[PDB]
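What follows is a pair of forms of the same protein chain, given separately as structure tokens and numbered structure 1 and structure 2.
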Structure 1
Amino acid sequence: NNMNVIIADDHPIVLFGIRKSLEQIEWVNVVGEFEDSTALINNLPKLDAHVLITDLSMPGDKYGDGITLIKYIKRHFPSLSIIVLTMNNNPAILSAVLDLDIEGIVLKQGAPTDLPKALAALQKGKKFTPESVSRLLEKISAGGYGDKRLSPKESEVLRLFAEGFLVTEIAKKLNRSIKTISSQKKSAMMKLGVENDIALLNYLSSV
């Protein structure tokens, strides 16, 4: 079946390569290309397509930036399928994009194979997740904070610290020394990526 597609990307060289790779798929018909979000949004009403392939970092000063722009397109064009094509390999960005409930994400890194597969899955009404995305979602598998998971003893020490126990009181409670629990705490702070107690306690309110 014939699928009408719109491309939105502000990197001319990437846009060029996407156009060329979609021209070799006979059932894909490109009906628009845009370099900023104002032109994209203002023209979506007049173009017959229900697939948008879009990046995250488009310029424009009306309809929001990045994830907020994708949310905006979703709410204002609810029948439009969205594939996000991005160079952002940060795990927390990718999972936040997947929380929006869109067709799929394609990393520009592994993209020669993935974009045609994403479009194939879309034609069959399925979502697509390439190996290169689920690989990066494993780096936030241990509680959303990293590859090195907190040990059971580290987690208890941070739990008591978040409950209002000072290090000496944590030492007194679990029978270990002050040296031991100081290092179990320091170890845990390094894994979470935090430099002081204020920032540690803030971080633990979230998760």
Structure 2
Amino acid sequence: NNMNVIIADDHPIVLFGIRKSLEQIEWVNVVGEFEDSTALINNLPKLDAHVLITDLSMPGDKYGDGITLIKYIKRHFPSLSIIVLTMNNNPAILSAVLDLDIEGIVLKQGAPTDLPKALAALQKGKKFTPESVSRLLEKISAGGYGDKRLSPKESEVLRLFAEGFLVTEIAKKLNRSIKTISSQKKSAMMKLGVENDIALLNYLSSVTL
């Protein structure tokens, strides 16, 4: 069973690496390489791909990147198997990708064999989870907020935080007190499992909802 593979990453050095690590796998065929999400979504309908190995952070205004792009691929190419290869190791981001029920997550900070092992497992209709992914996924699992989703109010505050506004600007913009905005903000944070402001913005750069 040959597997036709599409690779997507905004760093061409990584694309070369992915091919370099896949050259030893005889049953893998690379039918396309893309560096932004517009080019990827445009070429998906014309290649007959079985698997996508995709990055999370990439350019592309039309279809975006991150969780948004992956959801989009799931809806419109449901038979396509997805493995995410990402440097974005924020537990909240990775738990969000795991929620999408794709065929694997691999970290660029992980082991050199993690990607070929993910593909090997997929050939056997199985899921490979590296330890490096498992560890920080258990942090969010254990804490116990994985089930909960954002309210419209919470989403509203965070969407403006995602365009770089401060708590005092959002209060004025939504016509709410600082106390209310902060309470809404911290409640949203507890749900997403992000413990500080840098973690929150990094989460917000990978989801646009």
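Rigid core (definition): largest C-alpha set, two forms, superposition within 1.5 Å. Residues are numbered by position in structure 1's sequence, first residue being 1. Only residues modelled in both forms are compared.
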Does residue 42 belong to the same rigid part as residue 2 between the two structures? yes
How big is the turn of the smaller rigid part relative to the larger between the two structures, in degrees? 106
With the two forms matched on the core, what distance in Å separates the two CA positions of residue 110 between the two structures? 1.4
Using a rigid core superposition, the C-alpha offset of residue 198 between the two structures in Å is 18.9
Supposing the core is put in the same place in both forms, how far has the CA of residue 139 shifted between the two structures, in Å? 2.9
So if I superpose on the core and keep residues found in both forms, which blocks of at least 3 in a row have all their CA atoms moved by 2 Å or more between the two structures? 138 to 142, 144 to 207
